[PDB]
There are 2 protein chains.
Amino acid sequence: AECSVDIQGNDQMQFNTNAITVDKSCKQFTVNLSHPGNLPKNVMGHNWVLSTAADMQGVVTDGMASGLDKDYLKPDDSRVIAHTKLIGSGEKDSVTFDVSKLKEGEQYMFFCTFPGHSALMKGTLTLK
Amino acid sequence: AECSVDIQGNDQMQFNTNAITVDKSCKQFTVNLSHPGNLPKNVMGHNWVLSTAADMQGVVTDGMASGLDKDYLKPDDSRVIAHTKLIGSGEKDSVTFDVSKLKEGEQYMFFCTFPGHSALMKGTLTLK
Ligand SMILES: [Cu+2]
Ligand SMILES: [Cu+2]
């Protein structure tokens, strides 16, 4: 809360939120992802990946092609501002990034790169 | 085709049609399901299941619970009029069912029961 958010992705291929606001006073922001459910990583794993809206498509496509072994993310993709690893149910993960890598006036999107998920598992991240 | 239809479930969780009509003159009707794309069955499996519009959500909820190994369908689910196997990309499966199992003036829904897919993969079927 304020400089951290808890987000979850369930077995219904939905995130519990589709809008996160990062207050400009946070020096760093922390996302703690958990996966409520029963389905395993290779069938319904989720991750939380951040990029600009313009880069999202490319991240998702190259991510799909990197496979489960790469957590569906192209290794060292420079378009990815921050990301968790891919988790199956009952697993969790956390990521902290520098808010100074975000600029005011730019549209950012968070999403899951597990194949097909981004159509519903996505939302807005905004500096305010 | 006479007394048959071909439908494809792709890698974007989409069926290539949302309406099927069954000619009342057909004694039996066949659905031929294929899955274009490159994604494997555990990640993007699709089946085609038929029920009344009123039974679809109970079939989907109990199907998810039966899991992977049960092709995400409850064994001997009395509300399922007909269904294929769950198939991966490059696979094919047909189902033939008796048309006398369909009433005139009742609404039917076909859908995929792989978790999360019926939100997008579903359509109506009706006698004519
Ligand atoms: Cu996901
Ligand atoms: Cu499906």
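Chain naming here is simple, since letters A, B, ... match the order of the sequence lines and numbering starts at 1 in each. Below, each value reflects all heavy atoms present in this structure, side chains not excepted, and no hydrogens, waters or symmetry copies.
How far CE of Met44(A) is from CG of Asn42(B): 11.5 Å, rounded to the nearest 0.5 Å. Atoms CD and NE2, on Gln12(A) and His117(B) in that order, are 11.5 Å from each other to the nearest 0.5 Å.
Around the NZ atom of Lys74(B), the shell of radius 6.0 Å holds more than 12 heavy atoms that belong to other residues, nucleotides or ligands. When the shell of 6.0 Å around CG of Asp69(B) is examined, it contains more than 12 heavy atoms from other residues, nucleotides or ligands. Open room surrounds CD on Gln107(A); 12 or fewer heavy atoms of other groups in view lie less than 6.0 Å from it. The local environment of NZ in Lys128(B) is sparse, with at most 12 non-hydrogen atoms from other residues, nucleotides or ligands closer than 6.0 Å. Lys101(A) NZ: more than 12 foreign heavy atoms inside a 6.0 Å radius.
For a residue to count as touching a neighbouring chain, one of its non-hydrogen atoms must lie under 4.5 Å from one of that chain's; by this rule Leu120(A) touches chain B with the side chain only.
Counting all heavy atoms, side chain and backbone alike, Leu39(B) lies closest to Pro115(A) at CD1-CB, 3.8 Å.
At least one side-chain heavy atom of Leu68(B) sits less than 4.5 Å from a side-chain heavy atom of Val43(A).
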